[PDB]
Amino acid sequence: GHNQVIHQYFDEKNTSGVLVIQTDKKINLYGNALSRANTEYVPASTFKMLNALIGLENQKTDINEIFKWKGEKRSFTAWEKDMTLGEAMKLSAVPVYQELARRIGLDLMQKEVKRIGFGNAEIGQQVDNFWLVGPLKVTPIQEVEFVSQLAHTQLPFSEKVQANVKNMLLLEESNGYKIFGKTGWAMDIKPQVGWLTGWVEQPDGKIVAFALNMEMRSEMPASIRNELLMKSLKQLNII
């Protein structure tokens, strides 16, 4: 419940960021840089959540389709394989979502993103990269509401599409608890911005949504977004 101690894990991991908690439309802030919570950032791979929903709902793909790897080299060897939407989500495989995005196309993408009102709701002109280098931007409080709605099936999509994307996002399962969430890491902008947006599904059915945002640098291990989040949810006794 403090708020000062959570400042000190942020203090020591020599980062700058904010953890936004939403418990039934009540927003709390934690970190060492609470001002981040209202500044716009590129969403990075957290936009895969809304990309999937738009693609599924408009029947540009489905949860069974297998995306074929056509042999070109990709940033990670784990990405060099055939995979579904959901497997691409768990690995944040940009090429699959770029292909998806190109099927949706610019008009449909822009119309949906502003109908959802996602962040600043601007995708510019290149349909396959606006979530990594602009011009699409989003504050971390806006991300905790988005994933909050998704968790309660309240987004302006059908419920079956939402439920489909939610099963793509299961991260841990321990003690009757479930953690869902999506990581992001914009490595190609300065300063780098890391994301971990999701929700906790407590055994009694309660839902607490979070959006960890932090400045990033090339040397940190990717698990730093998980470490900081997990021990903050334990400190706040959400888990």
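Numbers follow the displayed sequence, beginning with 1.
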{"property": "Mean temperature factor over C-alpha atoms, higher-scoring stretch between 38-46 and 168-176", "result": "168-176"}
{"property": "156-164 set against 69-77, stretch whose average Cα temperature factor tops the other in the entry", "result": "69-77"}
{"property": "Selection by C-alpha B-factor (highest) of 184, 198, 55, 31", "result": "31"}
{"property": "Among modelled residues of the same chain, the CA temperature factor third for residue 63", "result": "lowest"}
